[PDB]
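Protein chains in written order, with my numbering: chain P, 1222 to 1345; chain X, 1040 to 1163.
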């Protein structure tokens, strides 16, 4: 069950990472203008705790707490995602145990330009 | 239950696809399949789904894992609740075995339903 909630998280992250809107926003001077409303819409519709979209350093362009945008970093190891891999991992935050999926964002030439990290609270 | 989580996986992918600007915009095109089919296929591949079918209000498939089925195949199962704006999880069977699927409505800018996304995962 924990594995399938992780697959929920990863499938949402992969779908967000493959959306043209997300890839295109990284060409904007402020990617958050387009990234944050989309991430929030997806977070609401799917029941996720967060849909965080960040650059290669993990700096969040989108975050469920808008005051954290540009300040918070995608938590956990991101080295594998920067290699183009998709990663499921367990984590914890103030709201409790979570499982998250991270997917790379690719440009038109296959380079990783960012990370999508989607987390679900471990709860029925 | 693991089956219920696989159904949430299917529905979360369908909801995320249905919320993308590409999918909402493509329904205005002369041939929506030109933009819908490559996106649906990419999401199908990345998520491990058996199918990401995108259809119109009458259920005609504009994207399908078999390109020869575009236009000929209809989204299977009751769609009446989706046209009412509801998201629905259901079980079905096909040539490849039992599957669980989730259906989400596609909305235009005025909140009218313009189509359906149906995502299916094989129970395996």
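Don't be surprised by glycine CBs; every beta carbon is placed ideally from N, CA and C.
Buried or exposed for residue 1317 (chain P), going by 16 or more other Cβ atoms inside 10 Å? Residue 1317 (chain P) should be labelled exposed.
Would you say residue 1233 (chain P) lies against chain X (beta-carbon separation less than 7 Å)? It does; some Cβ of chain X falls within 7 Å.
Looking at chain X, is there any beta carbon in it that lies within less than 7 Å of the beta carbon of residue 1225 (chain P)? Using a CB distance cut-off of 7 Å, residue 1225 (chain P) counts as an interface residue toward chain X.
Can you tell me the Cα-Cα spacing of residue 1070 (chain X) and residue 1292 (chain P), whole angstroms? 43 Å
Alpha-carbon spacing of residue 1107 (chain X) relative to residue 1232 (chain P), whole angstroms: Those two C-alpha atoms are separated by around 26 Å.
Members of the region 1073-1084 of chain X near chain P, C-beta cut-off 9 Å: 1078, 1081 and 1082
Would you report the Cα separation of residue 1281 (chain P) and residue 1256 (chain P), rounded to the nearest angstrom? Going by the C-alpha atoms only, they are around 10 Å apart.
Do three or more CB pairs link the region 1326-1343 of chain P to the region 1264-1274 of chain P at distances below 8 Å? The region 1326-1343 of chain P vs the region 1264-1274 of chain P: in contact.
Count the other CB atoms within 10 Å of the CB of residue 1163 (chain X); is the residue buried (16 or more) or exposed (fewer)? exposed
Once DSSP output is grouped into helix, strand and coil, what is the label at residue 1093 (chain X)? Reduced to three states, the DSSP call for residue 1093 (chain X) is strand.
Cβ of residue 1129 (chain X) within 7 Å of Cβ of residue 1116 (chain X)? yes
Within 7 Å of any Cβ in chain P, is that where the Cβ of residue 1193 (chain X) sits? Absent from the structure is residue 1193 (chain X), since the part of chain X shown begins at 1040 and ends at 1163.
Run down chain P in chain order and give the residues with a C-beta less than 8 Å from the C-beta of residue 1041 (chain X). 1222 and 1225
Determine the direct distance from the alpha carbon of residue 1153 (chain X) to that of residue 1066 (chain X), and round the result to whole angstroms. 7 Å
Cβ of residue 1228 (chain P) less than 7 Å from any chain X Cβ? yes
Using a 10 Å radius around the Cβ and a threshold of 16 neighbouring Cβ atoms, would you call residue 1060 (chain X) buried or exposed? exposed
If you drop the 5 nearest sequence neighbours on each side, which residues of the same chain put their C-beta closer than 7 Å to that of residue 1096 (chain X)? 1122, 1152, 1153 and 1154
Go through its chain and collect everything with a Cβ distance to residue 1109 (chain X)'s Cβ below 8 Å, but skip five positions before and after it. 1072, 1076, 1100, 1101, 1102 and 1103
Can you tell me which residues form a DSSP beta bridge with residue 1137 (chain X)? According to DSSP, which records beta bridges pairwise, residue 1137 (chain X) is partnered with X:1132.
Going by alpha carbons, who is nearest to residue 1261 (chain P) out of X:1086, X:1142 and X:1054? X:1054
Where do the ends of the beta strand (DSSP E) carrying residue 1153 (chain X) lie? 1152-1161
If we call anything under 7 Å between Cβ atoms a contact, is residue 1140 (chain X) one with residue 1057 (chain X)? Against a cut-off of 7 Å, the Cβ pair of residue 1057 (chain X) and residue 1140 (chain X) comes out as no contact.
Kindly say whether residue 1287 (chain P), judged by its beta-carbon, lies nearer than 7 Å to any beta-carbon of chain X. At a cut-off of 7 Å, the C-beta of residue 1287 (chain P) has no neighbouring C-beta in chain X.
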